[PDB]
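Just so you know, the sequences run in chain order B and A.
According to the authors' numbering, the first sequence holds residues 1 to 18, 28 to 132 in order.
According to the authors' numbering, the second sequence holds residues 1 to 132 in order.
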Amino acid sequence: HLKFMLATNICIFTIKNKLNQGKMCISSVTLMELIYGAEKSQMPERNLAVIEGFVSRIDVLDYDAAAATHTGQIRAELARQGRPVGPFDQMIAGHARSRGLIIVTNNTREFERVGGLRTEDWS
Amino acid sequence: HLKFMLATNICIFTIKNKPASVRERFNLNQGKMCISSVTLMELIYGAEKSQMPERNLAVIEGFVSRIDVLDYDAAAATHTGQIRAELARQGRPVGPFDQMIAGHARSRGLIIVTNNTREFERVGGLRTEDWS
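1. Is the beta carbon of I15 (chain A) less than 9 Å from the beta carbon of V59 (chain A)?
2. If we count the other Cβ atoms within 10 Å of its Cβ and call it buried at 16 or more, is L43 (chain A) buried or exposed?
3. From this set, B:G91, B:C11 and B:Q90, which residue's C-alpha is nearest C34 (chain B)'s C-alpha?
4. So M5 (chain A) and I83 (chain A) are supposed to be a Cβ contact under 8 Å. How far apart are they, rounded?
5. What residue range is occupied by the uninterrupted alpha helix (DSSP H) comprising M100 (chain B)?
6. Output the distance between the C-alpha atoms of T117 (chain B) and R118 (chain A), rounded to the nearest integer angstrom.
7. Taking buried to mean at least 16 other C-beta atoms within 10 Å of its own C-beta, is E61 (chain B) buried or exposed?
8. Residues of chain B with a CB under 7 Å from the CB of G62 (chain A): which are they?
9. Starting from the Cα of residue 19 (chain B), find the closest Cα among B:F97, B:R92, B:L126 and B:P96 and give me that residue.
10. Going along chain A, which residues have a C-beta under 8 Å from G109 (chain B)?
11. Reducing DSSP to helix, strand and coil, say where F120 (chain B) ends up.
12. Note down, in chain order, each residue of its chain lying with its Cβ closer than 8 Å to the Cβ of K49 (chain B), except the 5 sequence neighbours on either side.
13. Under a three-way DSSP split, which group does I60 (chain A) fall into?
14. Leaving out five residues before and five after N17 (chain A) in sequence, what residues of the same chain have Cβ atoms less than 7 Å from its Cβ?
15. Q51 (chain A) to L57 (chain A), Cα distance in whole Å?
16. Please state whether DSSP places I67 (chain A) in a helix, a strand or coil.
17. From what residue to what residue does the alpha helix (DSSP H) around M5 (chain A) run?
Here it is as structure tokens:
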């Protein structure tokens, strides 16, 4: 039973070192960011290989109609507040909220603005 | 059955009947079109930020019921990451959401229908059409 959705930065911290098993997942949106980071890195093949290994340990959730609907709502509400958030961060927030998941992030201030969204900082 | 993935602006053009050539072609192709859930997100955002959220939301719901909504999955994400990295290398970036639609389409072997096409024409393995 899934309890957490790890933000992209948390995935990176976990990989680089420098917690729960079976209860964690990522949005497919975070996978996209991870792939982009590896491929643009100095060692793309090696870093891509690492990501396949990371992904095999957690669930990757498809970004579905529910995730999209929550995201659209969040984006409209944020715009009203003058509260900017990254486009992908907004999608991860919506996905998490759509799934009743805790979003784990080292940016608890950025995701704090999404109403109905619980956050933890494992940094 | 699915052959096209409609970009967000094309959906809007279809809904508004402006330019009316898009809806014309939309009707030619019933049963062969879909959208990414990413586009649904953009559509919902547009409704909810408007002055009449409930009415515009209903419009989106009515439109979407006529086409398939595909979930943005691991393959879509992976093609997107790669497309994004390649555009970056070439120094020709595109909007954050647009590239996700491009990646979703390529991951599914679909034609992406869009009023741009210059932004995506160079993407290998990705076919594009303009209904404007």
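Backbone N, C-alpha and C fix where the C-beta goes; we use that ideal spot for every residue, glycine too.
Straight from the coordinates:
1. Walking along the second sequence from the start, residue 15 (chain A) turns up at place 15. Walking along the second sequence from the start, residue 59 (chain A) turns up at place 59. In contact: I15 (chain A) and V59 (chain A) (Cβ atoms closer than 9 Å).
2. As a working note, residue 43 (chain A) is residue 43 in the second sequence. Per the 10 Å Cβ criterion, buried.
3. Position 25 of the first sequence holds residue 34 (chain B). With distances taken between Cα atoms, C34 (chain B) lies closest to B:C11.
4. Translated into the one-based positions of the second sequence, residue 5 (chain A) becomes position 5. Translated into the one-based positions of the second sequence, residue 83 (chain A) becomes position 83. Incorrect: roughly 14 Å between the Cβ atoms, too far for contact.
5. As a position in the first sequence, residue 100 (chain B) is number 91, starting the count at 1. Residues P96 to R108.
6. In the first sequence, residue 117 (chain B) corresponds to position 108, counting from 1. In the second sequence, residue 118 (chain A) corresponds to position 118, counting from 1. If you take the alpha carbons of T117 (chain B) and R118 (chain A), they lie about 38 Å apart.
7. Taking the first residue of the first sequence as position 1, residue 61 (chain B) is located at position 52. The residue in question, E61 (chain B), is exposed, as its Cβ has fewer than 16 Cβ neighbours within 10 Å.
8. By one-based count along the second sequence, residue 62 (chain A) stands at place 62. Near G62 (chain A) there are no residues of chain B at all, since even the closest Cβ is about 15 Å away, more than 7 Å.
9. No coordinates exist for residue 19 (chain B); the numbering of chain B passes from 18 to 28 with nothing in between.
10. To locate residue 109 (chain B), count along the first sequence from 1; it is residue 100. Ordered by position in chain A, no residue passes the 8 Å Cβ test against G109 (chain B), which lies about 18 Å from the chain.
11. Looking up residue 120 (chain B) in the first sequence gives position 111. Looking at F120 (chain B) - three-state DSSP - the assignment turns out to be coil, as it is neither helix nor strand.
12. Taking the first residue of the first sequence as position 1, residue 49 (chain B) is located at position 40. Counting only Cβ-Cβ distances below 8 Å, and skipping sequence neighbours, we find nothing.
13. Start at 1 with the first residue of the second sequence, and residue 60 (chain A) comes out as number 60. Helix, per DSSP.
14. Start at 1 with the first residue of the second sequence, and residue 17 (chain A) comes out as number 17. Counting only Cβ-Cβ distances below 7 Å, and skipping sequence neighbours, we find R23.
15. As a position in the second sequence, residue 51 (chain A) is number 51, starting the count at 1. As a position in the second sequence, residue 57 (chain A) is number 57, starting the count at 1. Whole-angstrom Cα-Cα distance: 11 Å.
16. To locate residue 67 (chain A), count along the second sequence from 1; it is residue 67. Coil.
17. Taking the second sequence and counting its residues from 1, the one referred to as residue 5 (chain A) is at position 5. Note, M5 (chain A): premise wrong, no alpha helix (DSSP H); beta strand (DSSP E) at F4 to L6.
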